[PDB]
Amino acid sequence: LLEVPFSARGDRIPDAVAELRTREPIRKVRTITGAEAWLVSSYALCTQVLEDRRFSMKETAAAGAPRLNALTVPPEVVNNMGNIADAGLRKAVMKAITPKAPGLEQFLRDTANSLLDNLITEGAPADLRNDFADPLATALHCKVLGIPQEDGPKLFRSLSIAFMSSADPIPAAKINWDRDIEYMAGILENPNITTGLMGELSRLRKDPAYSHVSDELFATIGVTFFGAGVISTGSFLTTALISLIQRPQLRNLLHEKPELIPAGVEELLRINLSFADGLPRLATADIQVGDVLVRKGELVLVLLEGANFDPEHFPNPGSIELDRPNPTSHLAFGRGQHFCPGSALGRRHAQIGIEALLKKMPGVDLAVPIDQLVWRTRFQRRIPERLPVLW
């Protein structure tokens, strides 16, 4: 059986995706747990799966379900956004994680420029992952959640294990989770926390209307959104920076015309290889997908770069084009029921980070050969451990 994932490299799509997409856009594969799954790799079939609610995210956590990887969190964390809705906490979460919050844009700006000024002061080479993108992501999310900036680095520490993509259960993941939860639970009891998502969650927790809502859930929300948001924005910006560095005339164009930076980031999103695995769903019924009858109880993996590099939807898919007619129609944020609630913020993080970097380091380039980057393995994202650059 063809094994997944194909490659841990986040800088280059494997040739085998284009071949697999045309001939077998749904194809049986084996996951690292040894489970069988259906890998879907065309825009047509990927959208089908994500729009069909009978292909369930929640049910991937069912006992004895075939698994893409080992659970690193309680089985109910996989249903976090549903739980959030059922508790009536939805539009509050959404309010907290909008990039439009007064002062947030300028905070991101000033934070980005300050990180860059420190790198320019220290001298090249600079590691843009550990000393720019990830610290930017972490700073942002502390702001968003209303927790102290100095607390960011320690919560960040859990993510190299929390977002592993493991064949086997991970002892450390439970230890870290319990500790982070305990942390968030204290944050909720802290009267000084009056801003951001945790400032809100804290005041809803006092109101007896929300007596039905557990303390586990409130604290879980904080841990979940921090980790998910920090890993995704930090990881996406890092590999987006590589794509940009490798396209000097695009780098030059955006530096000259910063108004095109949103169009550039949308393209960088479309071609991004940050998700290491397809998005998993469990079929809750027998459902036809292309030439395959997917059976109740079976795992399906939605390969985002399958869809995103599909020439049937995106002409010249390997090329970054700033004048595409339907540019936001990629699947980098998913589709349907579980479309990323952080997508607006994820955009602005990348847009502002890139704008800062292009202005401070207009001559940015890799300071090592591309084949020297060390790609993290058995992780839910594809990222280089370090991104050395000069300017």
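For clarity, a rigid core is taken as the largest C-alpha set superposing within 1.5 Å between two forms. Numbers follow the displayed sequence, beginning with 1.
Student: Return whichever of 201-209 or 185-193 has the larger RMS Cα deviation from the displayed form in 9 other deposited structures of this protein, where every structure is aligned on the rigid core.
Tutor: Comparing 185-193 with 201-209, the one that moves more in 9 other deposited structures of this protein is 201-209.
Student: Comparing C-alpha positions in 9 other deposited structures of this protein against this form, with the rigid core used for the fit, which stretch differs more, 174-182 or 210-218?
Tutor: When 174-182 and 210-218 are compared in 9 other deposited structures of this protein, the bigger C-alpha shift is seen for 210-218.
Student: Averaging the C-alpha B factors as listed in the entry, name the stretch that ends up higher: 242-250 or 209-217.
Tutor: Result: 209-217.
Student: Out of 320-328 and 24-32, which stretch has the higher average CA B-factor listed in the record?
Tutor: Result: 24-32.
Student: Just grab whichever of 364, 39, 63, 68 has the top CA B-factor as deposited.
Tutor: Out of 364, 39, 63, 68, the record gives the largest C-alpha B-factor to 63.
Student: In terms of CA temperature factor as recorded, identify the highest of 306, 199, 229, 262.
Tutor: Reading the PDB entry, the winner on C-alpha B-factor is 199.
Student: Among the modelled residues of this chain, does the Cα B factor of residue 371 put it in the lowest, middle or highest third?
Tutor: Residue 371: CA B-factor falls in the lowest third of its chain.
Student: Classify residue 236 as lowest, middle or highest third according to the C-alpha B-factor given in the PDB entry, relative to its own chain.
Tutor: CA B-factor rank for residue 236: lowest third.
Student: Using only modelled residues of the chain, where does the Cα B factor of residue 225 rank: lowest third, middle third or highest third?
Tutor: Middle third by C-alpha B-factor.
Student: Would you please rank residue 8 by its C-alpha temperature factor against the other modelled residues of its chain and give the third it falls in: lowest, middle or highest?
Tutor: Middle third - that is where residue 8 ends up once the chain's C-alpha B-factors are sorted.
Student: Sorting the chain's modelled residues by C-alpha B-factor, tell me whether residue 257 ends up in the lowest, middle or highest third.
Tutor: For residue 257, the deposited C-alpha B-factor lands in the highest third.
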